[PDB]
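# Structural features, examined
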Amino acid sequence: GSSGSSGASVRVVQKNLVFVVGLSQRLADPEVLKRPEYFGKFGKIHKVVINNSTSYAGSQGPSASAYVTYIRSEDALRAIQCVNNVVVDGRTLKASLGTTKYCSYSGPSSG
């Protein structure tokens, strides 16, 4: 198909935003990720949000993502440079920056 689900949208620069994917419902936890042995290892966290499937049916095996906020950008950026290509619990986690949370349009707004 047409690889480009998110086409029309506003340009938002999110550097101080840790976006991790491929997290098992078990790993997807605020306290678990906050722990100094999980993510806190890099540095103290300010905000921790968990994004997972809202409606559960039991047909396929979807994936969830977590958004961690690092008081210090430097710490965050690097934390992602090292987190990438890293094996955790047998599953290779993937961290990146520059992801959106809400939809500008939603409001409505400038629509």
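All right, on to the environment of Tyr67 then. Structurally, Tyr67 can be placed in strand β3 (residues 64-70). When the C-alpha positions of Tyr67 and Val18 are compared, they lie 5.4 Å apart, and in sequence the two are 49 residues distant. Setting aside residues up to four positions removed in sequence, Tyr67 forms contacts with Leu17, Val18, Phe19, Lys47, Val48, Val49, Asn51, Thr100 and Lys101.

Taken from the UniProt record, the annotation "domain: RRM" applies to residues 16-96. Structurally, residues 16-96 comprises 20% helix and 36% strand, and the distance from its first C-alpha atom to its last is 10 Å.

On to the environment of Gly58, then. On the secondary structure map, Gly58 appears in the loop between β2 (45-51) and β3. Overall, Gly58 belongs to the exposed group, its relative accessible area being 58%. Counting along the chain gives 30 residues from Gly58 to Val88, while the straight-line C-alpha distance between them is 25 Å.

Below, the discussion takes up the pattern of salt bridges. What the rule picks out here adds up to one salt bridge. Note that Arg78 and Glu74 form a salt bridge whose closest N and O atoms lie 3.7 Å from each other. Within this pair, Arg78 and its partner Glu74 are both found in helix α2 (residues 73-83), separated by four residues, close to a single helical turn.

Bringing the sheet that holds β2 into the picture now. Pairing between the strands of a sheet comes from backbone hydrogen bonds, and it takes one of two forms, parallel or antiparallel. Strand order in the open sheet formed by five strands is β2-β3-β1-β5-β4, and the pairing between neighbours is antiparallel. Two strands close off the open sheet at either side, each with one partner strand: β2 and β4 (86-88). Neighbour to neighbour, the strand axes of the sheet diverge by 30° on average, direction disregarded. Where strand β1 (residues 18-23) and strand β5 (residues 91-96) come together, three bridges link them in antiparallel fashion. Across the sheet, the residue bridging to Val20 is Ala95, located in β5.

Rules of the game
- Residues numbered from 1 in each chain as written, not as in the entry; some residues may be left out.
- Heavy atoms only, no water.
- Helix = DSSP H or I, 4+ residues; strand = E, 2+ residues; numbered from the N terminus.
- Contact = heavy atoms within 4.5 Å.
- UniProt positions renumbered as here; feature names shortened; annotations may be inferred.
- Buried < 20%, exposed > 50% of the residue type's maximum accessible area, 1.4 Å probe, protein only.
- Salt bridge = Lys/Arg side-chain N within 4 Å of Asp/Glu carboxyl O.
- Pairing = 2+ DSSP bridges.
- Axes fitted to C-alpha atoms, helices over the stretch in contact; angles between N-to-C directions.

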